[PDB]
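Okay, so here's the structure we're looking at.
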Amino acid sequence: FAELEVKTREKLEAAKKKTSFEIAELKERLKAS
Amino acid sequence: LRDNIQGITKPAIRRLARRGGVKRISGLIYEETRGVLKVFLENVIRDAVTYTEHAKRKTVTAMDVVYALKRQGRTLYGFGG
Amino acid sequence: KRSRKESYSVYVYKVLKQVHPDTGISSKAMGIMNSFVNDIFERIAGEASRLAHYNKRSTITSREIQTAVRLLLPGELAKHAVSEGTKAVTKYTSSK
Amino acid sequence: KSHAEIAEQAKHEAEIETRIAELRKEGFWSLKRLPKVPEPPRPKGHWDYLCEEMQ
Amino acid sequence: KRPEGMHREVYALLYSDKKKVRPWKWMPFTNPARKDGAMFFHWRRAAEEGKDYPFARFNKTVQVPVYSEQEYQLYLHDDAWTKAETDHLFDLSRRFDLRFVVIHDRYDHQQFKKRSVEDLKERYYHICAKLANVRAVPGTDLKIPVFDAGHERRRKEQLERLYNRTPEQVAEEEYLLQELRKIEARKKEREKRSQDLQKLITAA
Amino acid sequence: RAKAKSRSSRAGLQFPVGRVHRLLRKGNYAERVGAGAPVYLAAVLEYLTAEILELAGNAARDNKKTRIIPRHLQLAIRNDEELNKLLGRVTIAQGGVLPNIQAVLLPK
Amino acid sequence: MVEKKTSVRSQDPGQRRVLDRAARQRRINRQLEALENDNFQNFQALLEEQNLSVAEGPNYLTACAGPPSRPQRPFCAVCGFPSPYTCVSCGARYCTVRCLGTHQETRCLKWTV
Amino acid sequence: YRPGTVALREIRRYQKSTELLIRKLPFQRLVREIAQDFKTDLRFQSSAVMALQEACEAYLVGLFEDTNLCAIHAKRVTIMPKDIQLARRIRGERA
């Protein structure tokens, strides 16, 4: 279970962080303009 | 899906029995009720699906259930349109 | 591109509004009122059908309809139904 | 998403600009319909009876 | 033998299941609702010749106040309106039952300066208000919200720009219309979603 | 031509004789329908509709309600001796049952 | 043209199911309270302060005379004249065939709901 | 509360309402699990499942009305499994 959960999170947290940072950057740039 | 006959709880049966005049219920009667209800449901559902497979449909409409109930001598009013 | 479905709601409200001027009828109760009409129509027409076929007849008639109403409706229910229909057939053939 | 959305969203920002421009030009809707109508109606009126009877 | 003698269907159903002396007359009648005594003619029975007309009840005159010369001079006086300019408005009011979309069109623009509908309405209403004000004390409901002309001049206007819009504002506006959703979604689906993601990545 | 008169009107019915006879003409209930069958069938259909609507509305009034619910139908069709017979093998959706509590299951 | 009432066929009394006994009482009671009723064709407050006033001593409730020695007289209720007859269903009284006709058409069984 | 006083109250209360007595969500999975054995991937109209429930609650209430008469047969107040069985056998369901 620990290994399967880590294999899941290795995808999940990567996608989540990418999405989070990209969104934050988009929103802040668009509001600055 | 699995183990859905248990979705008919002891209070769920006791209320139905109260509406039927029953005052005191026994311990085993809940399982008897589950068996009887399961048989009746399976028959009605099978007959309804007989009208769907023949109709080449993928969704069981209300008319199918109404007709299945009619074949069982259980004419139901309220779902005729 | 419409999909219109027929029902008896318009004439069950004429009859209800006439036989209960102050009383309305809910949509869910009118569904029952519709299913009841279709059910009895099926029953009386089927019994008249069988009646005609038993006498080796290709036509379901109002005489067979009256005998099917005698078979279907219980004693009083029958009497009233038979009388109502019988009187409706002499008011219709007199060109009123 | 994608960083390319900067362009799409910028176009949407332009949609805001035009929105503002158009709202300065003429507006989107006929706001505040009949806020104040103090005139009392007639009892029913001769002319209205004529209209009804001709109806 | 079968009695029958009646209609086939009804017969089978039944057995198989065992001086005017009221002369109308062409008649004169006067309408009591008229003040001119005009005699008209009518097609009435003999038994009602002489009864009053039944269409005289459909005569409910619209009410309109009638200021007097002294009263007008004291309180109804208005620098922008003269008596000859003001009596005409009330005559048109009465002859057109106090409706102001048809009073306007028949306004005498030859002796009289051009007025919009709103100014005529406000003028007649201030006149009604001050007429009742001469009474006032006799419980004359001094709570009358007489027709707003300012806001309403506007409200007429800021419909007219939206009336004649060949495309764009009638057509292209669809775009901005959709934007109302977009502007109301993607900004919060932007700055708020960002702040939520900043907190989510802060805890992460 | 002549102002067309319907078949519910000439007879004096509310239920559609045209529609009734129509379900019969293309219903294969027979092979050549006559000219009285739909009239009789519609007359009796609507007669029973009235017969019940009566009891349903009366029970409804007993409940101090102005709208007939399916309850005003279960209670009625089970309250009348012959409607129950006619509709004995018929369940009315959302109607309920009648409070028939057995005498032997009561306080003593 | 047609007799123009078979369309509405209001009463159609093949299933008439008379109203009787306690129902009569209800009607009687209703009529009484209607004769005791008010402008519209506080009473709850009156009933409340009257139910405050309940006691065995000399008071509002205990000041009622009661039944009369002189027995009740019949009256027609359609024209108010002395009435030899009673309506078999609702028990209201009348004095002619004509009066029974009017009563059957307007007041018999129709206002018992 | 004296055993049978709160139960008779419920008899008088559930014989006067008309709402369904089985929970919806639990019963709809049973109707889909039973359908399972006839066709993989069958869809149900919402009203179709409601009609199934309206069928079954009425059937069970009738069966519990006919089962009570059998319980009162053996001088009992409790309905016993043989009561459901006797009612159903006299019904021809499992003769």
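Chains as they are written, first to last, in the authors' numbering: chain W, 172 to 204; chain D, 22 to 102; chain B, 27 to 122; chain I, 91 to 145; chain V, 48 to 65, 90 to 275; chain A, 12 to 119; chain L, 1 to 41, 83 to 154; chain C, 41 to 135. Idealized CB from N, CA, C, for every residue including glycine.
- Per DSSP, residue 124(C) is one residue of the alpha helix (DSSP H) stretching across 121-131.
- In terms of beta-carbon proximity, residue 40(D) lines the interface with chain C, with at least one pair separated by less than 8 Å.
- Listed along chain D are 94, 95, 96, each with a C-beta nearer than 9 Å to that of residue 100(A).
- In the three-state reduction of the DSSP assignment, residue 144(L) falls in the helix class, which pools H, G and I.
- Looking at 100(I), 120(I), 124(I), 134(I), the one whose alpha-carbon comes closest to that of residue 204(W) is 100(I).
- With a threshold of 8 Å between beta carbons, residue 116(B) makes contact with chain V.
- If you draw a straight line from the Cα of residue 88(C) to the Cα of residue 86(D), it is about 6 Å long.
- Comparing C-alpha distances from residue 99(V) to each of 63(V), 65(V), 121(V) shows the shortest one belongs to 121(V).
- The beta carbon of residue 68(B) does not come within 8 Å of any beta carbon belonging to chain L, so the residue lies off that interface.
- Residue pairing by DSSP puts residue 100(V) in a beta bridge opposite 111(V).
- Interface criterion not met: the Cβ of residue 230(V) is under 8 Å from no Cβ in chain W.
- Counting along the chain, residue 103(A) sits inside the beta strand (DSSP E) bounded by residues 101-103.
- Residue 77(A) sits close to residue 50(B), with the two beta carbons spaced by under 8 Å.
- Residue pairing of residue 179(V) in beta bridges, as defined by DSSP: absent, with no partner found.
- Contact between the stretch 13-22 of chain L and the stretch 95-112 of chain B is present: 3 or more CB-CB pairs across the two stretches fall below 8 Å.
- Contacts between residue 57(B) and chain D, judged by CB atoms closer than 7 Å, involve 99, 101 in chain order.
- Note that the C-beta distance between residue 126(I) and residue 238(V) is not below 8 Å.
- For residue 112(C), the C-beta contacts it makes with chain A under 8 Å involve 113, 115, 116, in order along the chain.
- Contact of residue 100(B) with chain A is assigned, a C-beta pair being separated by under 8 Å.
- In the displayed model, residue 127(L) falls within a strand according to three-state DSSP.
- DSSP places residue 50(B) within a strand segment (E or B) once states are collapsed to three.
- In this structure, residue 71(A) keeps its C-beta atom at 8 Å or more from the C-beta atom of residue 78(B).
- By the Cβ test, the stretch 218-230 of chain V is in contact with the stretch 118-132 of chain I, since at least three Cβ pairs between them sit closer than 8 Å.
- A distance below 8 Å between beta-carbons, with the five flanking residues on each side excluded, links residue 68(A) to the following residues of its chain, in chain order: 79, 83.
- In the three-state reduction of the DSSP assignment, residue 80(B) falls in the helix class, which pools H, G and I.
- The C-beta of residue 41(D) has 16 or more other C-beta atoms within 10 Å across all chains shown, which makes the residue buried.
- Under a 10 Å Cβ-count criterion, residue 46(B) is classified as buried, with 16 or more other Cβ atoms of the shown protein chains found around its own Cβ.
- Annotation for residue 39(B): the continuous alpha helix (DSSP H) segment containing it runs 35-45.
- Proximity of residue 195(W) to chain V, defined by a Cβ-Cβ separation below 8 Å, is satisfied.
- DSSP places residue 139(I) in the uninterrupted alpha helix (DSSP H) bounded by 136-144.
- According to the DSSP secondary-structure assignment, residue 152(V) is paired through a beta bridge with 149(V).
- Only those residues of the stretch 249-260 of chain V whose C-beta falls short of 7 Å from the nearest C-beta of chain W would be listed, and there are none.
- Secondary structure of residue 81(D) (DSSP, three-state): strand.
- Interface with chain B (8 Å Cβ-Cβ cutoff): residue 29(A) is excluded.
- Secondary-structure assignment with DSSP links residue 97(D) through a beta bridge to 102(A).
- Measuring C-alpha to C-alpha distances from residue 133(I) to each of 126(V), 145(V), 168(V) identifies 168(V) as the nearest.
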